[PDB]
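Read the structure below first, then the notes.
Number of protein chains: 4
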Amino acid sequence: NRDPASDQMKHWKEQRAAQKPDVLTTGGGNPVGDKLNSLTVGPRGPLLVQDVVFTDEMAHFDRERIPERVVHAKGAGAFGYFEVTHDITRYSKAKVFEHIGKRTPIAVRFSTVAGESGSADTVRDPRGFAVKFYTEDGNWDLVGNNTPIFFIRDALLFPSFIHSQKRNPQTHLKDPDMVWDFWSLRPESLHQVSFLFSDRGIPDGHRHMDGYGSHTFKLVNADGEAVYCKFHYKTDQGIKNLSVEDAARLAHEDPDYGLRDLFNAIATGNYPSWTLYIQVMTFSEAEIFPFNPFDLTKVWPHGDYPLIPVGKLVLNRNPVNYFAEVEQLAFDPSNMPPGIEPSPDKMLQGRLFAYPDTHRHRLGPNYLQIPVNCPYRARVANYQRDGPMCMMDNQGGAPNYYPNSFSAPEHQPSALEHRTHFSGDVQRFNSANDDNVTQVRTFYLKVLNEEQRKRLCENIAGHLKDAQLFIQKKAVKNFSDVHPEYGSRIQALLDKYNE
Amino acid sequence: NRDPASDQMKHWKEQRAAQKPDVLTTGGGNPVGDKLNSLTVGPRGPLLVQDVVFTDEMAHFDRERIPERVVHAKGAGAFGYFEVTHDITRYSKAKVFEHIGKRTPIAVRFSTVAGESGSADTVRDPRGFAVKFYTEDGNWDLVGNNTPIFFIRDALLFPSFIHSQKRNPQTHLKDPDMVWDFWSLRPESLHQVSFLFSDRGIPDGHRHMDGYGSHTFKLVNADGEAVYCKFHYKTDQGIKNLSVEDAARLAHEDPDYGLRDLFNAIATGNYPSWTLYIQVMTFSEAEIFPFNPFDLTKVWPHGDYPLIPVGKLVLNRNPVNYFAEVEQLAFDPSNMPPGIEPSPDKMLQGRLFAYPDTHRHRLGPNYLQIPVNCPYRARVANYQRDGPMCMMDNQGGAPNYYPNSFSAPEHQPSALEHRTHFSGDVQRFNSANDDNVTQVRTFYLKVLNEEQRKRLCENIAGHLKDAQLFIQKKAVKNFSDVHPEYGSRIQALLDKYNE
Amino acid sequence: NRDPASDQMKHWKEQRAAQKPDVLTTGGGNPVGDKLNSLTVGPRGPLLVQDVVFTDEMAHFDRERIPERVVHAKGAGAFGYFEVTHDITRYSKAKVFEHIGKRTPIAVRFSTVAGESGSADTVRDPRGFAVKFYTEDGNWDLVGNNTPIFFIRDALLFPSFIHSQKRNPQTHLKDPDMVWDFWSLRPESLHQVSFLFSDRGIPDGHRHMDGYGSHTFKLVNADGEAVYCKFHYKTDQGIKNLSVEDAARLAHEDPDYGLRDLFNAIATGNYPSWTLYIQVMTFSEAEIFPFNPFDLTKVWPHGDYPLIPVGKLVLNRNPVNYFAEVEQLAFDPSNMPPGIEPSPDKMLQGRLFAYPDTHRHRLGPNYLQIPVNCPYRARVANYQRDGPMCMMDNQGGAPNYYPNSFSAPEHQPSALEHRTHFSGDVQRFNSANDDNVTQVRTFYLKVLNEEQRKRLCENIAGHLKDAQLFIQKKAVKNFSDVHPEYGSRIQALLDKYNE
Amino acid sequence: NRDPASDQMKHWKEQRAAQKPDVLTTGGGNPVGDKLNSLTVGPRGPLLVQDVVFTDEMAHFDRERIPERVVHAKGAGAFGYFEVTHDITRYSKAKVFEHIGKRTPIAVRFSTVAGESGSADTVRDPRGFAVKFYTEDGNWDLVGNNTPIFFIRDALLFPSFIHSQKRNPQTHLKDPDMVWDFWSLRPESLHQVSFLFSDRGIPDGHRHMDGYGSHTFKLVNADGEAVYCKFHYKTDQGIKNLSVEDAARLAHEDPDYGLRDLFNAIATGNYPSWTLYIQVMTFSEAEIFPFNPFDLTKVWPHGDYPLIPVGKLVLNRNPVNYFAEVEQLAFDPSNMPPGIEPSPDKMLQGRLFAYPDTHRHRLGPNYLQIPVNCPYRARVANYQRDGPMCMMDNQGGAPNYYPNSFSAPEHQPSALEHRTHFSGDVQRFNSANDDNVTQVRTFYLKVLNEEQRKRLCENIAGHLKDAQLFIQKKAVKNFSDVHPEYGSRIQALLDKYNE
Ligand code: HEM
């Protein structure tokens, strides 16, 4: 007949067949007698407050919407599991990696970045790749993207960055004067602004892009020896991007392209999968290493720090109810079980607060209690109580202060975080100059092929062409600071567009 | 050992005797290494945002508080059950009356009216007595008080009334001028005021007071035949109240005297109970009734409208977590299942709206999903979706539109509300002068004895003495209207009080 | 040089003369010495909670988003004024229609319906034309669409309907089966459906479309005489639609097409305007009307009820800050001053409640306190106090109960609602069969020309084609009932579309 | 007549003068023609949804309450000023000390700690003394108590501490077991516990107590030279405390005693006052100091650190509207203007985050926009936009990103954080046993005289006696450690108390 997604209701009925339908009730469970005609005095008379059937349904409809994610509003999500296939026990003591074959339930959400909830899937914009691992040591959230780097390296620049990528404060339209102005004055974005305008910019679905932990992290073993690393999970279905035009029509053809693709895939037994890897770098290595190992606009090279195989990510389940299971999904980079710890990454360090914070605003103080966010394969026992919309039993009559002498939750010395020594004055160290070009250049020439090199410049100019001339010059100046031909090639394009 | 309440943690410990303490975790389930020392750079250095354990717990502590009920803030509740003892099935077709011996789970919340959450229990004030029955046809909330009447008879004066009863908008102090200016200008209150300042104004705990539906309601039987009613549930523990003396002592020695008392009684198997009677007035009798039958400031004389036994209200279970099960608790008079409906009572009418409304705010849009509020004994099936803090499965992938041809929930025609006829101009009818003295006079002369009339005027005068002279004149005048003696007895006391 | 729109900031920097820039501060006002480099311990150390500059800005960032409109999420807004051209005081004594020359300021917002914040303008959907009149008797919100009718006439089906027009509960994709299964079971939509898929289905910007209050309202002169009316505000920029083609092209080429068209329109001093009329109808005629004068799915033929010009609607200022002034707007149908009242129109009745409701949730309980929403040309004084985010002086130390003896706000008996008589039973009367064709038929073969009659039948089949066959028939059936050649034309298309 | 606080309305009216009562309007500005009777079909019929005057009013009342402060919920406020009586400029460059004589508008809130909104003032509890300086460098919030020390030196224990001090999670009653089990397990609380159970545990009104900054702060002059300090604002009204009998009496006689005492003292022109001092200490002295100078549980001996007079603190204005100006007051310790900086005080460190974090939930994301909270003396100009309930213009269309090329809010090197240096293995350093006896010892024998010691112990023994024998044992032990007698005395009373 037609695709699985299209036949959503058709199947819901079929399976629910040979069953008397449920009795329509109110929020409180009172059976409604008639829900098609309001209660009025006389056929042409006014509506009566007496109609609580009405107010019940209407009041709830009046509140359906919650704020969309400040970033990554438009996204898709599914569920699967993570299977350890290799032993990195010597790096992490994290139960998630315990043994070979250790299955741990996961939840994933894919998303775009700037576009609101109604935007279209297939547009130039990075791709969010969130992974929630429901482990025995609580949940671990690997909040990644389909790229290993990022436009900036200091939290303070983030809000501002995002603004430029979004709408104008007054006209409310997308504004290139803000886009490029920000990028012009901020040349560190060069590495990412390239990757973005490259083929990878617009992936053909969520299944044909790679996952990247992006930031540098820390791994701890059962013997307290820590080491840094990067997370990588390559697509088993391979990298397949969309053409600028192909995606262009799809854009208005099917703005939910990603959604559709991901659904039917899993809906037909054709579950996608990713292979998780890790680059490991010692504290000595990070010591000698040659730009800041925590710079988010830089990447460790496979050459020196090679990719190690860790396990498999398999998505074999679709959300039953999208709002409840995907939209309400909350991923906190701060959720890191023992064996995994943050790293000095200024950027990351900031995310440590932003994410749980906004979640309390977007979803509510007790969000970790929403089914899909709850650490259910673990046991939440603590001294936190109440808060609005408190689910469960608020931990019943348990003593609510630590320490105590009434057998309340004890602590785990084992779970103590690895300690690192840090010297140096406490202040705001400038990081606007850490080489916003070396790595970039290598991508252009080394990583990029003559063919992509063309479309990149072309793609950039295609957009930059709408910005003030003075902004254009700045942008070209940085690209040429990456390599004469880069900017030169771009610049050439610019002049034509400028009629 | 002390009273059961005092030993709350002692028994908790004991409870899980040999059992080992759970692991202290973060909201995310991640186990904690050391919850007593914040992660700082150096033994005397600054704090690290990197300390997520702190931030996790702190941010939560920071949101523990929810708005306290706008009125009836300070309360104490419990759980138990309701058992049928008489066949009143000829009047109501409600399932909760389905058959002699039938038991239905219930939850009850007692309370004062004006005081905020910190306020004392043993103060002159009506007492809230709210019952929630988790019946097959959804939850039925009978939101009564300890008095069968009320100060006003039109919902538009409610906020006004409640305002006067609370603190001064500027000084934030209780304003006797406010209190009596209101009552002085709206004599409909006389009745309730007289009941209030009588011995019943300060019951001895919650176990020694009657519960009243107050408002008239409509009962509909299986034949669609309807009748009006009045709910009454008398204390089997006997009526008992506190003198203005002990009460003032208890107010500073034990502001939670009602809480503690109710907890202990239940804890020690001394289960309190109320007998539920009802009054029945036929539509024909409501026509020739000497007063407005839906006037909240009036009562149906036992003489012509005798009480009829229904069943018992038993409370044999304390809340395990007060917040989760008592604070979050929400009663909606609008929650009436098939066989039980509202009357035109102007006051009742305004309530059908306000309670659920204020719940969407105090607790949140999905407060009906909070455990204690969910009609777990019924199967909520409707076309309502999403909203913040959406739990359960959001009814999954079921067809979210009605009507539909996909087997989603269907309306039940046998739950259609009994239809009554009303004819008149749609306007703002004035009920201010609907006789605010008769019934009052009866209470003064017949229901009370001389010993009581004396305590009533003393009690009335006590507070009233503080209102401006002009406000006292007016108020005394209002009493003299009920009975010459009534006014002079108060005026005599005033004259005294005023040096 | 570019358009006024793209030069938004451009002009801002210019007009900002040469005066220095304000000092970047925190919410508290403390000046920032460095907001580009987070406070860290060492040039490669962790982040300090002590960076309240960071925390302060990130925190705010995490909360910029608020729930979008349940419906009509996507739209534009501009301000201007209204002015009387004709005298209709013999009809309504509204303080806005006073005398000719009366210039009441206004606020307006155009928008689609189903599409979310990210959605695009250029697509088939009715348009929202809501006008806010800041009068002397409070604000008057004429919440209207680009059509005099609507798909349904009972509030109880609005949510359901608004569901069918949005995303599947599971897939989160638009769903034809939903769209058409709903319309199919409810032929009352016929009328408004016909328009949607008609040329008018896609206006060329907001300026080239007509505004309608849709519903039937009530006017009352200073003499107490009432009369039913219908509002019609025709565009002075002339009507104009967009080919299915262009609409789609624009859709993706410039999703926010309508947004800027409007902006530049005003920027380039070419302010848009509409002419306000009204269809008057005595109660006499209403009692005789061939249909229900309050049926939202019906119109009043112009020949029997001609348009009376009343005034000019001019928009000449663009929002300075989109969020604050447009996204934050609140239009409350219930906001009608003395002289203008609602009709028993079952849909209007429901809107009386719902709109203010959602506002309390989307914006906050004190939203009327938001600058844009505040009725600044009226003296808002009453007995309402407090609430979250209580701005203003919360009315100082003014008496907070009515009635009072301290000169607090008194009521104006000269603004009482107009008295009407309603005799009849209080029930849920079925309006499902209130004729869903007649007026529709005359729209087909009469209002539309064969040329555009076909373009209509095409537009429909292109969508109805995606629904299950069992759905398609029931769909045609209804159309057929309006006129065989109608459903036949469509059916034809389907069969071919159906390979 | 009666007191000024009691004549609140009497005066408001006369001031209102022979003026005429404003017209009673809805929240929308529409005049109400009668806000005393509801719109009903017939004088004894149903209420109509159409009564938007009702719902407009009703709905506000239902949303009047916001979450009470999680701690220090019960309090009173007042505005006034701060005058520079001296030159401290040689230490701190805060413009609030610019020149002797310069005035700085201030706001102050006094409060208890444990008790909720409706509790009594005259109870044993530390006292809150928050001062909000409205300077031209933003707002400076000095959130201090009436004690210079506290029960704990690590934020991580604050939530737990406050929990033990409030109600039992299940019975909702005060729990001596939670109170003492905690304190007993944390001797570091011995200092403040001593101070708390002494004559200072209940000050007679707010005007008769001292204000302390508690935490060690930081002052930076013009040469970028810093200094640690302790703020002190001694009372000019003199130290006056209440006796257990009088405080316990005033508990019921007048639970708002402190609130009324202050309103009147200010209403009759008897303005309270406080001199401000600071204890300056070098980084070399702090190095030498025989204790952790940032340990919140200790004082800087006057001998070594004499107090220096800075300026004055006068409260000469009562809040017009208590809720809007007091209840909503929000003091964030992080609001320190250039010149004042925090200290490594582990405790203070946590406060930097907490207060503003909790304000986001109690008041709202945009709280700093509330009048009483707005830094009206400074000029808020930055790149933070939107957020729920956006007042003002939202910085209009000015650029929202930083940096930019359109002359938007610039930096301010002058206002940068003074840099300090720290070293050590970033970790969770155990502060549990940093000597919790020494300073208490002196307090006990030197600060207190025999009659006081006698009292201090009876005040303790009387409350401690209600905790289980084992806690008492543990508790006594901690007291003896400070001093053998401190232990035996309290112990002595207990045995008697245990009858
Ligand atoms: C380090 C532990 C502390 C934390 C985490 C903390 C947290 C809080 C919170 C969340 C509030 C309510 C804020 C609001 O809703 O406006 C508050 C209020 C208050 N705090 Fe504690 N506080 C701490 C220590 C103390 C100390 C030691 C003092 C005394 C110097 C103090 C003085 C105050 C005062 C005066 C108030 C009331 C503010 C007002 O009137 O608006 N706090 N605190």
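Top line first, the protein sequences correspond to chains C, A, B and D. Letter by letter, the first sequence follows residues 3 to 501 of the entry's author numbering. Letter by letter, the second sequence follows residues 3 to 501 of the entry's author numbering. Letter by letter, the third sequence follows residues 3 to 501 of the entry's author numbering. Letter by letter, the fourth sequence follows residues 3 to 501 of the entry's author numbering. Just so it is clear, CB atoms sit at the ideal spot from N, CA and C, and this is done for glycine as well.
Residue i: CB within 6 Å of a non-hydrogen atom of ligand 1
i: residue 349(A); result: no
i: residue 382(A); result: no
i: residue 364(D); result: yes
i: residue 62(A); result: no
i: residue 42(B); result: no
i: residue 354(D); result: no
i: residue 333(D); result: yes
i: residue 130(D); result: yes
i: residue 157(D); result: yes
i: residue 57(B); result: no
Minimum C-alpha distance to residue i - residue among the options
i: residue 332(D); options: 136(D), 41(D) and 56(D); result: 136(D)
i: residue 373(B); options: 394(B), 354(B) and 358(B); result: 394(B)
i: residue 127(C); options: 220(C), 168(C), 254(C) and 454(C); result: 168(C)
i: residue 307(B); options: 294(B), 282(B), 314(B) and 175(B); result: 282(B)
i: residue 204(B); options: 235(B), 179(B), 247(B) and 165(B); result: 247(B)
i: residue 73(B); options: 114(B), 445(B) and 500(B); result: 114(B)
i: residue 2(A); options: 230(C), 439(C), 64(C) and 27(C); result: Since the first residue of chain A shown is 3 and the last is 501, residue 2(A) is not available in this structure.
i: residue 178(A); options: 489(D), 11(D) and 409(D); result: 11(D)
With three or more C-beta pairs closer than 8 Å as the rule, is the region 316-329 of chain C touching the region 381-396 of chain A? yes
Which runs of the alpha helix (DSSP H), 4 residues or longer, sit entirely within the region 317-388 of chain D? Counting only runs of 4 or more, we get 348-364.
Alpha helix (DSSP H) runs wholly inside the region 24-109 of chain B, at least 4 long, in chain order: 54-63
4-residue-minimum alpha helix (DSSP H) runs that sit fully inside the region 251-329 of chain A, ordered along the chain: 259-269
Enumerate, from N- to C-terminal direction, the unbroken alpha helix (DSSP H) stretches of 4 or more residues contained entirely within the region 97-175 of chain B. If we require 4 residues or more, the alpha helix (DSSP H) runs fully inside the region 97-175 of chain B come out as 160-166.
My parser needs the alpha helix (DSSP H) runs of 4 or more residues fully inside the region 192-216 of chain A; what are they? 192-198
Report yes or no: do three or more beta-carbon pairs, one from the region 154-172 of chain C and one from the region 401-415 of chain D, lie closer than 8 Å? Yes, the region 154-172 of chain C touches the region 401-415 of chain D.
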